[PDB]
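Below you'll find the structure, written out as C-alpha cells, and then a few comments.
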Amino acid sequence: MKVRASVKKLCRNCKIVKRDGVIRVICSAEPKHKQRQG
Amino acid sequence: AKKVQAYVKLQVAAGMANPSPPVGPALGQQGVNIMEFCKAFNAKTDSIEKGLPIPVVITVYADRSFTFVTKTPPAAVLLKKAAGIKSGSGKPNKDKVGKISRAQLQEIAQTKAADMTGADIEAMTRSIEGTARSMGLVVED
Amino acid sequence: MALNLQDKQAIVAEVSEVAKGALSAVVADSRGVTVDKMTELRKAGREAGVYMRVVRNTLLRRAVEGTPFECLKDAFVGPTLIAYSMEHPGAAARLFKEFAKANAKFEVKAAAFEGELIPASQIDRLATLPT
Amino acid sequence: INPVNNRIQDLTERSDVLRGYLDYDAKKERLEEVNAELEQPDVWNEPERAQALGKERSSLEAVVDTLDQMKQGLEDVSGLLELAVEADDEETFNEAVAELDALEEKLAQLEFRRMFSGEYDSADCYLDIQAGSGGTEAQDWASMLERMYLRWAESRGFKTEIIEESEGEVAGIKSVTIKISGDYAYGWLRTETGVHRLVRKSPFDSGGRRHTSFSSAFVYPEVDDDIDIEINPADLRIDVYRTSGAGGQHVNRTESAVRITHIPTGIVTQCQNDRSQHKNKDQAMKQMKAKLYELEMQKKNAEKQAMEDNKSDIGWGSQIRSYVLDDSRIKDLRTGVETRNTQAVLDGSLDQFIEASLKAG
RNA sequence: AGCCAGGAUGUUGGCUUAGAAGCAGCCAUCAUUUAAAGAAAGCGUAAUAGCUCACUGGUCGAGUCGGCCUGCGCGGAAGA
Ligand SMILES: [Mg+2]
Ligand SMILES: [Mg+2]
Ligand SMILES: [Mg+2]
Ligand SMILES: [Mg+2]
Ligand SMILES: [Zn+2]
C-alpha cells in the first residue's frame, strides 16, 4: 500500500474505491498495487 | 486408459542423430525411454531425410508408452533447404533475399498439405507465401 | 459488428445458402474444439462444400430473418445456441450421419436432436438418407 | 604440380598448429563429458551453473565443429579438382574454386578464436621500447629493435607515429615511444611485451668481443574517454556548524563552517576559510572533488601494482627472442621457433614469430 | 456488465542457426479453417509448460458508454 497524492489504475484488475471518503485503489491480482489517499 | 494427456511437440534438428545429449532431459521430465525415442528419431529420419530440422509430436500414455506423430518441417528451414539461403528478415532495406518460382513453391505446397489437414489446401498454399515474405524472401511466378 | 452493412452481410450470405440447399441438420455443441473444428469444417470441404460455416446466430429475429424464403419451420429453432447447416451438393444426402458420428466421437451435446427437414418436420432421426 | 592443390596443403599448414595446440581430439572429447553433465534433470536447481555451461558448450562448438568439418574438406577440396583436371570439366574446374573458400572461411572462423584473446585488440597502441644498461651496444640495439618493428608496422599497413624519443650519447637511442595507429594495432603486438635478447660481436668496444645485451618492448593501448568523479549529490552528506569565534557576536552566530562527508566512502572534507556559507561550500565541494578523484587514481594504481606482481616474479621468463647473430640464428625461446634468416628478420619477417606466438599464447 | 465455450493453423516462425519458442534489443505486420482468435495485454518459468484478456456466439434481457464545455466540493494540507 503506497501513500501518494496522485493515484491511478496501475493494472486492469486495479479498481477504484472511496472507503470512508478516502480514495483508495485495491487489486485482486497483485497485492502490490494497493493504494491510499490520493 | 490415457491416450493424449502428456502432449508434447518438439524435435529440434533432425539433421543430426542421438537426441540424448541436447534434448534428452526434455523427455526426462517424466522419465521417458531415451533409446526407444532415439531409435524412433532415427527410424524417422533415415526413411525420409536426415539433413534438416523436422518437428515431432509425441504423447506418452499410461505405462510410459508413447505414440509418434511426425510433423512437416517448418517453412523457415524448408525454404532454407528449398531456396538454400542464409539470409533472412530483420532488415528489409538492408538484407532481403531473392525470389522463388511458383511451381517450386507448389512442390512445397504439395508436401505441406500432404502432412497437414485443412478445408482448402490451395487456401493454405497462399499462407506459406506470406510466411516467406515475412522472412525477407521474395517469391514470384 | 458496425452496423447493417456488416449485419446484412451476415444475413445475405446466409440468404443465398437457403434457396438451393435442402437439409436442416443442427447441433448445439458448445465445445468448438481445435481438432473438431478441423474435422467438421474439413468434412464439409471433403464431402459437401464450403457453404457450411459455423454460425450460431440462432436468434428468432436474426437467423430466421436469414431464412424467411424457404422452410418457415426453421423459425422454431429460434432458442439457444444451435449450429444451422443446410446441404447444397446433393439434397438431403449423408451430411447428417457422419456429423452424428461426431456425436459418437464425443460431440458434447446436440440440444433437441430432431432431423428438422426431409420429413419436413421434427423428431424423425433421419434413418433414411436420400443419397 | 598445382597452385590450387598446394594452397590446400598451406591451409593444412595453418590448420595443424591449431590441431596440435588446442588438442581437437581432447577438446572434442571434453564435450561428451559435459553433455552428460548438462543432460540432467537436477541442473535446474543450479541455473547459474547451466547458464555458465549453456554457452560453454557453444564455445566448444566453433572450435571443434569447425575443425571436425575441416579435416573432411582437405581430401574433398583436393579430390574434386583431381577428378576435374582429368576430364577437363571446366565447370568442375570452377566448382573447386569456391571449395577453396569453404575451409579458409572456416579457418577465418578460427581467426576469431585467434583474436578472441583480448578486450582491446582492435585498439590503437603504443610501442614503448626501453634499453638495458649494456654500455653503448645496448643503446644501439634499442635503435636496431626500433627499426625492427618500425619497418614491420609499415610492412603490414599500420600507421606508425613516433611520439617520444631519446637518443644515445655516443650512438643509438635510449627509449623511443612509437604509437602504432590503426585497427588491430594492439591485437598483433600484444605478444611483443617482454625483453628481447641480442648476442653479437660488439663493434663499439675496441677489443670487440661478444656482448649479450637486452632490450625490453612494453606495449599498452592507453585509449579511454571515461572519467567518473561521481559528484552525484545522492552521496555527500553536508554538515554545517559554527566556527571557533574571533569576530565578536557575529561569527559565533553564523553557521559558516561546512563539512562534506562521503556516504559510501566516509572521507570528510571541511572548510572554514571565508566568511560565507555559500563561499565555503564551493571550496569544500572542490576539495572533496579532489580527494575523491585522487582516491580513484590510487585504485587505478592498486590494480596496476597487483598486475605487475604477476610479472615481477617471472624474472628469466620475460625473454622473447634470442638474436644470436654470431652464428646467424634466431631463437624464439617462448615457443621454440628457430630461424636462420637474420638478414630477413630485420626486414620484419616476424609473421612466423606471431602465428606461432599468438595462437599458442 | 455477468455466468457458460473456443481462444486456433502452419510456427520449436528468420536472431549471427547458445537460450526467450504468442514474452529483454530481436523483425514484421501473412494467408487460411471461421460463431471467433492480435505471430499479441499481463503473470510466469534458463526456454517451454500453464492460467486470463483481447475479439466472437448463447443466455437472464434494457438503455448504456466514452469525452468535451462548466457551477460548486474532495485528496494533495505536517510546527512548536
Ligand atoms: Mg476507518
Ligand atoms: Mg462494470
Ligand atoms: Mg482544491
Ligand atoms: Mg480535511
Ligand atoms: Zn492492480
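Residue numbering restarts at 1 for every chain of the C-alpha cells, chains are lettered A, B, ... in their displayed order, and ligands are numbered from 1 as they appear.
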
Can you check which residues of chain B have any atom within 9 Å of chain D? Use only C-alpha atoms and format it as a PDB file with N, CA and C atoms, in the first residue's frame.
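Final file, selection21.pdb:
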```pdb
ATOM      1  N   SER B  20      19.848 -37.760 -27.139  1.00  0.00           N
ATOM      2  CA  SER B  20      20.160 -37.853 -25.710  1.00  0.00           C
ATOM      3  C   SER B  20      20.909 -36.695 -25.049  1.00  0.00           C
ATOM      4  N   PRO B  21      21.974 -36.166 -25.672  1.00  0.00           N
ATOM      5  CA  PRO B  21      22.650 -35.048 -25.006  1.00  0.00           C
ATOM      6  C   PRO B  21      21.870 -33.713 -24.992  1.00  0.00           C
ATOM      7  N   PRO B  22      21.413 -33.188 -26.158  1.00  0.00           N
ATOM      8  CA  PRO B  22      20.710 -31.899 -26.063  1.00  0.00           C
ATOM      9  C   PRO B  22      19.279 -31.884 -25.542  1.00  0.00           C
ATOM     10  N   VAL B  23      18.446 -32.774 -26.079  1.00  0.00           N
ATOM     11  CA  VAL B  23      17.021 -32.813 -25.760  1.00  0.00           C
ATOM     12  C   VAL B  23      16.624 -34.038 -24.940  1.00  0.00           C
ATOM     13  N   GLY B  24      17.624 -34.809 -24.512  1.00  0.00           N
ATOM     14  CA  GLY B  24      17.406 -35.966 -23.652  1.00  0.00           C
ATOM     15  C   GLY B  24      16.652 -35.650 -22.363  1.00  0.00           C
ATOM     16  N   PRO B  25      17.059 -34.619 -21.605  1.00  0.00           N
ATOM     17  CA  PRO B  25      16.330 -34.288 -20.376  1.00  0.00           C
ATOM     18  C   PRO B  25      14.995 -33.558 -20.628  1.00  0.00           C
ATOM     19  N   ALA B  26      14.568 -33.421 -21.885  1.00  0.00           N
ATOM     20  CA  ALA B  26      13.262 -32.810 -22.174  1.00  0.00           C
ATOM     21  C   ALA B  26      12.187 -33.884 -21.948  1.00  0.00           C
ATOM     22  N   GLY B  28      12.992 -36.402 -20.309  1.00  0.00           N
ATOM     23  CA  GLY B  28      13.378 -36.796 -18.963  1.00  0.00           C
ATOM     24  C   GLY B  28      12.621 -36.009 -17.900  1.00  0.00           C
ATOM     25  N   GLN B  29      11.675 -35.176 -18.333  1.00  0.00           N
ATOM     26  CA  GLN B  29      10.769 -34.505 -17.412  1.00  0.00           C
ATOM     27  C   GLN B  29       9.896 -35.585 -16.744  1.00  0.00           C
TER      28      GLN B  29
END
```

Report as a tab-separated table: every residue of chain A with an atom at most 12 Å from ligand 2, its closest pair of atoms, and their distance in Å to one decimal, counting only C-alpha atoms and all ligand atoms, with rows sorted by chain and ascending residue number.
```
residue	atom	partner	partner_atom_place_in_ligand_line	distance
A:13	CA	ligand 2	1 (Mg)	11.5
A:15	CA	ligand 2	1 (Mg)	10.0
A:16	CA	ligand 2	1 (Mg)	11.3
```

### Task
Pick out the residues sitting within 12 Å of residue 12 in chain E, and hand them over as a list in words; count only C-alpha atoms (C1' of nucleotides), and ignore anything fewer than 3 positions along from it in its own chain.
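Everything that qualifies: residues 8, 9, 10, 11, 12, 13, 14, 23, 53, 54, 55, 56, 57, 71, 73, 74, 76 and 77 of chain B; 21, 47 and 48 of chain E.
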
### Task
Mind listing the helix (DSSP H, G or I) residues of range 173-314 of chain D, per DSSP on the backbone, as a PyMOL selection string?
chain D and resi 185-192+277-308

### Task
Give me the residues within 10 Å of range 60-62 of chain B as a PyMOL selection string, counting only C-alpha atoms (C1' of nucleotides) and dropping any in the same chain fewer than 4 places off.
chain B and resi 1-8+27+30+32+66-68

### Query
If we count only C-alpha atoms (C1' of nucleotides), what is near residue 22 in chain A at a cut-off of 7 Å, once residues fewer than 3 positions away on the same chain are taken out, given as a list in words?
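That gives residues 18, 19 and 37 of chain A.
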
Output file for the residues above (N, CA and C atoms, as a PDB file, in the first residue's frame):
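Done, and the output landed in selection-v1.pdb:
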```pdb
ATOM      1  N   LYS A  18     -13.907   4.444  -2.750  1.00  0.00           N
ATOM      2  CA  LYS A  18     -13.870   5.573  -1.828  1.00  0.00           C
ATOM      3  C   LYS A  18     -14.314   5.158  -0.429  1.00  0.00           C
ATOM      4  N   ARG A  19     -13.506   4.326   0.219  1.00  0.00           N
ATOM      5  CA  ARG A  19     -13.813   3.851   1.563  1.00  0.00           C
ATOM      6  C   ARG A  19     -13.659   4.966   2.590  1.00  0.00           C
ATOM      7  N   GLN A  37      -5.173   7.321   0.077  1.00  0.00           N
ATOM      8  CA  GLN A  37      -5.210   8.782  -0.049  1.00  0.00           C
ATOM      9  C   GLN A  37      -5.531   9.273  -1.455  1.00  0.00           C
TER      10      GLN A  37
END
```

### Query
Mind listing as a ChimeraX atom specification which residues of chain A are within 9 Å of chain E, counting only C-alpha atoms (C1' of nucleotides)?
/A:4-6,11-12,21-23,37-38

Residues within 9 Å of ligand 5 (only C-alpha atoms (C1' of nucleotides) and all ligand atoms), as a PDB file with C-alpha atoms, in the first residue's frame?
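The new file selection_31.pdb reads:
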```
ATOM      1  CA  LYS A   9      -5.043   2.344 -12.083  1.00  0.00           C
ATOM      2  CA  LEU A  10      -1.690   0.583 -12.449  1.00  0.00           C
ATOM      3  CA  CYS A  11      -3.281  -2.572 -13.861  1.00  0.00           C
ATOM      4  CA  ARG A  12      -6.561  -3.850 -15.304  1.00  0.00           C
ATOM      5  CA  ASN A  13      -7.642  -5.550 -12.077  1.00  0.00           C
ATOM      6  CA  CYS A  14      -6.863  -2.247 -10.357  1.00  0.00           C
ATOM      7  CA  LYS A  15     -10.220  -0.839  -9.255  1.00  0.00           C
ATOM      8  CA  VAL A  25      -7.008   1.553  -5.103  1.00  0.00           C
ATOM      9  CA  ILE A  26      -7.344  -2.184  -4.476  1.00  0.00           C
ATOM     10  CA  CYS A  27      -6.305  -5.147  -6.622  1.00  0.00           C
ATOM     11  CA  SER A  28      -7.322  -8.814  -6.607  1.00  0.00           C
ATOM     12  CA  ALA A  29      -4.282  -9.938  -8.599  1.00  0.00           C
ATOM     13  CA  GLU A  30      -1.037  -8.299  -7.464  1.00  0.00           C
ATOM     14  CA  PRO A  31      -1.298  -7.245  -3.778  1.00  0.00           C
ATOM     15  CA  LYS A  32       1.493  -4.776  -4.554  1.00  0.00           C
ATOM     16  CA  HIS A  33      -0.807  -2.191  -6.136  1.00  0.00           C
ATOM     17  CA  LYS A  34      -2.874  -1.372  -3.035  1.00  0.00           C
TER      18      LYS A  34
END
```

### Task
Skip residue 55 in chain C itself and residues of its chain fewer than 3 positions away, then list as number ranges by chain all residues within 7 Å of it, counting only C-alpha atoms (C1' of nucleotides).
C: 83-84; E: 35

Writing out the chosen residues with N, CA and C atoms (P, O5', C5', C4', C3', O3' and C1' of nucleotides) as a PDB file, in the first residue's frame:
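Just written: selection-v1.pdb:
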```
ATOM      1  N   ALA C  83     -26.130 -24.664 -34.188  1.00  0.00           N
ATOM      2  CA  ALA C  83     -25.423 -24.504 -35.447  1.00  0.00           C
ATOM      3  C   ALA C  83     -26.255 -25.009 -36.618  1.00  0.00           C
ATOM      4  N   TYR C  84     -26.742 -24.077 -37.433  1.00  0.00           N
ATOM      5  CA  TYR C  84     -27.506 -24.430 -38.623  1.00  0.00           C
ATOM      6  C   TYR C  84     -26.541 -24.974 -39.676  1.00  0.00           C
TER       7      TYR C  84
ATOM      8  P     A E  35     -18.777 -17.869 -40.518  1.00  0.00           P
ATOM      9  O5'   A E  35     -18.985 -17.394 -39.012  1.00  0.00           O
ATOM     10  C5'   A E  35     -19.339 -18.334 -37.979  1.00  0.00           C
ATOM     11  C4'   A E  35     -19.744 -17.599 -36.726  1.00  0.00           C
ATOM     12  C3'   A E  35     -18.670 -16.721 -36.105  1.00  0.00           C
ATOM     13  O3'   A E  35     -18.611 -15.449 -36.749  1.00  0.00           O
ATOM     14  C1'   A E  35     -19.700 -18.018 -34.420  1.00  0.00           C
TER      15        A E  35
END
```

#### Entry: chain B contacts to chain C at 10 Å (only C-alpha atoms) as a ChimeraX atom specification
/B:117-120

### Task
Write out as number ranges by chain the residues lying within 9 Å of residue 6 in chain E, counting only C-alpha atoms (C1' of nucleotides) and excluding same-chain residues fewer than 4 positions away.
C: 30-34; E: 36-37

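Between CA of residue 15 in chain B and CA of residue 66 in chain D lies a distance of 17.0 Å.
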
### Task
Please identify which residues in range 5-129 of chain B DSSP calls strand (DSSP E or B) from the backbone, and express them as number ranges by chain.
B: 7-10, 56-61, 65-70, 97

Each residue of chain B lying at most 6 Å from chain E should get a row with its shortest atom-to-atom pair and the distance in Å to one decimal, counting only C-alpha atoms (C1' of nucleotides); could you produce that, ordered by chain and increasing number, as a Markdown table?
```
| residue | atom | partner | partner_atom | distance |
| --- | --- | --- | --- | --- |
| B:88 | CA | E:14 | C1' | 5.2 |
| B:89 | CA | E:14 | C1' | 5.6 |
| B:90 | CA | E:27 | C1' | 4.1 |
| B:123 | CA | E:32 | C1' | 5.4 |
| B:124 | CA | E:32 | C1' | 5.3 |
| B:126 | CA | E:31 | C1' | 5.7 |
| B:127 | CA | E:31 | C1' | 3.8 |
| B:130 | CA | E:30 | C1' | 4.1 |
| B:131 | CA | E:30 | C1' | 5.8 |
| B:135 | CA | E:14 | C1' | 5.2 |
```
